Structures are given as C-alpha cells and as structure tokens.
Amino acid sequence: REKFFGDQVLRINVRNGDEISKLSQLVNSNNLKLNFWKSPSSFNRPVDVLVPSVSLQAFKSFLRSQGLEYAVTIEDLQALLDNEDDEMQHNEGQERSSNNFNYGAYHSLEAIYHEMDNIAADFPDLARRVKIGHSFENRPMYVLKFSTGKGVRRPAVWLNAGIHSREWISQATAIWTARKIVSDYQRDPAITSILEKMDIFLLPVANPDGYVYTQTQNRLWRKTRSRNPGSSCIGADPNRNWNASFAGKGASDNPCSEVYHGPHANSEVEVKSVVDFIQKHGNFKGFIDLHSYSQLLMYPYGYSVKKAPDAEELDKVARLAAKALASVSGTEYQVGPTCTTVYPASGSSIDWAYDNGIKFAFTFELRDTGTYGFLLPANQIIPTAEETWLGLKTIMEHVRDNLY
Ligand SMILES: *[C@@H]1O[C@H](CO)[C@@H](O)[C@H](O)[C@H]1NC(C)=O
Ligand SMILES: [Zn+2]
C-alpha cells in the first residue's frame with residue numbers, strides 16, 4: 001500500500017507564464033514524481049503540489065533557483081493518513097456493534113451501497129436504488145432516485161459525487177444528502193415542494209473502482225482504473241472524458257497523466273453510463289457535480305472563455321447558493337465560470353450537461369481551501385454536508401421555479 005512518509009504539500013506563488021510553464025514542465029515530465037493537488041491557474045491562485053520525501057531536496061533547491069516562493073502546508077502527509085485510518089477503523093467497530101450508520105464518518109463502497117439500499121428500504125415510496133451501469137472493474141454503478149411521481153418520468157436534477165476518487169468529502173456529503181432528502185420529505189416545505197414537481201437522482205460514488213483503490217492501494221489516486229490499451233499506465237480523468245470539446249485545453253493525451261482525457265469521448269464506462277442514463281431520460285433540468293477541494297461554486301464554460309448564454313442567471317443562482325451555504329458556519333465560497341475561476345479545462349461533466357440542454361449545470365468544490373485538502377478530517381463531514389445542503393436546496397428551488 002502507498003505510504004507517504006516525509007511527503008510534503010508545498011504551496012507555490014506564481015505570477016506569469018515563465019513561472020507557470022517551468023513548474024508545469026518540471027513534473028508533467030515526471031522528474032521528482034510530484035502530484036499536483038491544486039492545478040496552476042494564472043496570475044491569481046496558489047498552486048499546491050505533493051512532493052515525495054525522497055525528492056524534497058531537489059524540488060526546494062530548484063524553487064529557490066527559479067525565484068519561486070513556497071510554504072510547506074502539510075509537513076507530513078502520512079500523519080494525516082494515519083489519523084484518517086484510525087478514525088475509520090474505530091467507526092467501523094462501533095457500526096458493526098451498533099447496527100447504526102454513523103453519517104459523521106468515511107465509508108467503504110460496500111457501506112455506502114448498503115446504506116443506499118437501506119434508505120430505499122426504509123422509505124419504499126420515495127427512494128429506490130437504480131443500477132445505471134457498470135464500473136470498469138465491473139462493479140454496479142448505483143444511483144438513488146427520489147420521486148413522488150409513482151413511476152412516471154418527471155423533470156429531473158442530477159447530483160453526482162466522487163468522480164475523482166480521492167475527493168472523499170464528496171461521496172460522504174452525497175450519502176448524507178440521500179438521508180437528508182428522505183428524512184426531510186413531508187417536514188421541510190422546500191424539499192417537499194421540490195419533490196412534488198421533480199425527480200432527484202443521486203450518484204454518491206461516480207468512480208467506484210478509484211474509490212476502492214483509494215481505500216486499499218493509494219489514497220491519492222484520482223482517475224478511473226481503465227487499462228489503457230497501448231500503455232502500462234492506468235485510468236483516465238473521468239472529468240476530462242466527457243463529449244464536450246474533448247481533447248481540448250487542460251487535458252493530456254498521455255495515459256500516465258493525471259489529466260488524461262482517454263482514447264475517445266465517453267470512453268470511460270462510468271461516464272458513458274451517466275451520459276446514457278441522462279439522454280435516455282431526456283428531461284434533466286439540473287446537473288450538479290460535487291468535488292473537493294477549494295471552496296468554489298462554478299458554472300459553464302470551462303473549455304473556453306466562450307461565455308454561456310445563461311451566465312447571468314447561473315451567476316445569480318450560484319451567488320445566492322453560496323450566500324445561503326455561508327449562513328450555516330461562515331464558510332466562504334468563490335463564484336464564477338470554470339475557465340477563469342480555475343483554469344481552461346475540456347470535457348467536464350458540467351460543460352457536457354449544459355451543451356446537452358441542461359441549463360443549471362454547477363460544479364461544487366467543497367472544503368477546504370488547502371489546510372487538509374483531500375484529507376479533510378471526518379469531523380468536518382456533517383458541517384460540510386449541512387452547509388452544502390442549503391447551497392443545493394437553493395439551486396433546486398430555482399430549477400423548480402424556472403421549469404423549461
Ligand atoms: C459528441 O456530441 C455531438 C453532439 O451531440 C455528437 O454529434 C457526437 O456524436 C458526439 N461524439 C461522440 C463520439 O459521442
Ligand atoms: Zn474532483
């Protein structure tokens with residue numbers, strides 16, 4: 001199993017293409033084996049990059065020699081990983097003895113799938129677990145469908161999490177959401193009213209082989225586990241794979257790359273499964289992608305500075321979704337289009353969704369901003385979930401009121 005003893009996350013200030021390109025170059029060709037955690041944007045944002053202990057010295061020396069300034073934001077990755085393991089280990093002991101599912105914890109894919117089966121069993125008239133496809137390693141892809149329509153197809157909102165496996169707060173936020181809907185139906189007047197007019201489809205783990213791989217082999221793994229047929233390298237970036245300016249900017253055609261788009265659009269059977277479900281249904285109004293980290297809330301476009309026709313509307317909804325999310329804890333989110341807020345990125349879920357006639361396409365990037373990154377402590381799940389929920393309810397109330 002992957003160990004990260006002495007590994008450090010370094011945060012680097014970057015001002016122009018001189019600094020951006022040399023840093024981009026240095027480990028897009030894998031001298032030093034650096035895994036970028038927060039991707040190079042432009043002038044603005046800070047870059048986060050995981051630096052293996054073996055390679056601490058060369059990289060820091062090189063940063064000095066290239067006039068790049070850095071802080072060490074995580075001094076020992078493995079320490080954080082240890083904490084997480086124990087917290088998980090412990091919770092599973094309690095749950096096995098409890099028969100409970102503790103939502104304030106991180107879970108195996110089996111516990112997620114099971115709890116989804118339990119949410120449907122408990123509320124048979126509202127929720128059912130629908131199998132939409134198969135993962136590359138041939139696991140079910142399980143969604144929860146929420147509906148008061150009694151079989152009939154209604155206008156619909158898609159909510160998926162965990163397309164990038166290491167972004168554990170998304171999956172955990174998603175399974176908390178499923179339980180939130182069923183417990184707050186016939187009680188909270190807004191979700192009750194949402195479900196009267198629309199269906200909600202929830203996919204907690206959009207990338208299940210990667211999620212299992214992160215819990216058993218490599219916690220920092222982000223891609224699918226597809227076997228790239230002219231290479232020994234594994235997996236594609238699920239979120240670079242969609243049929244939306246595929247193989248454009250922000251993607252690589254190198255199978256070994258973390259941003260590898262795949263051999264063709266929707267090649268990743270996990271993506272195809274969702275692309276197929278949605279287009280078969282034909283009546284999706286909302287599509288919300290849940291990621292981590294950076295505390296962002298974004299809308300199309302991402303592959304171009306093209307600028308979406310409904311940018312104005314999407315901006316206002318996102319602004320109010322963020323404002324309402326903040327209400328809970330004081331959590332501050334940036335809002336804006338993808339290509340500017342992060343960096344030009346092709347073939348993303350939300351761009352495909354918008355280009356396919358789903359107006360309200362939104363990327364959430366959840367907690368945090370870099371203190372723990374992907375390794376967000378378990379004790380922050382319920383706060384992230386509870387606050388994000390108000391962000392989600394807002395979007396879905398705009399969808400309800402603006403049916404087209
Ligand atoms: C990509 O989307 C376009 C527009 O709907 C479609 O014509 C094309 O067949 C798609 N490409 C693939 C290979 O799925
Ligand atoms: Zn992600």
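If you read the sequence from its start, that first residue is 1, and numbering goes on from there. Each ligand, and each atom within it, is numbered from 1 in the order the structure gives. Below, each value reflects all heavy atoms present in this structure, side chains not excepted, and no hydrogens, waters or symmetry copies.
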Worksheet entry | Protein contact to atom 9 (O) of ligand 1 [nearest heavy atom, distance to 0.1 Å] | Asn243 ND2, 4.5 Å
Item to complete: Mark yes when over 12 heavy atoms from residues, nucleotides or ligands other than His114 sit less than 6.0 Å from its NE2; otherwise mark no.
Response: no
Fill in: For the Zn ion (ligand 2): the N/O/S atom of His291 at shortest distance
ND1
Fill in: Short N-O contact, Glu268 and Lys223, less than 4.0 angstrom
no
Practice prompt. For atom OH of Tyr113, decide whether the heavy atoms of other residues, nucleotides or ligands shown that lie under 6.0 angstrom number more than 12.
Written response: yes
Discussion item. Apply ring pair (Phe, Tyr, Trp, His ring centres under 6.0 Å) to residues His398 and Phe360 and explain how you reach the verdict.
Written reply: CA-CA 9 Å; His398 194 81; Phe360 313 114; 5.4 Å; yes
Item to complete: Find, among atoms of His164 that are N, O or S, the one nearest to the Zn ion (ligand 2), and state its name.
Response: ND1
Worksheet item: For atom 13 (C) of ligand 1, is the nearest protein heavy atom under 4.0 Å away?
Response: no
Discussion item. Protein non-hydrogen atoms only, distance under 4.0 Å: does atom 7 (O) of ligand 1 have such a neighbour?
Written reply: no
Worksheet item: Under 4.0 Å from atom 1 (C) of ligand 1, do we find at least one protein heavy atom?
Response: yes
Worksheet entry | the Zn ion (ligand 2) contact by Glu365, N, O or S atom under 2.8 Å | no
Discussion item. Please check if the number of heavy atoms outside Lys33 that lie under 6.0 Å from its NZ is greater than 12.
Written reply: yes
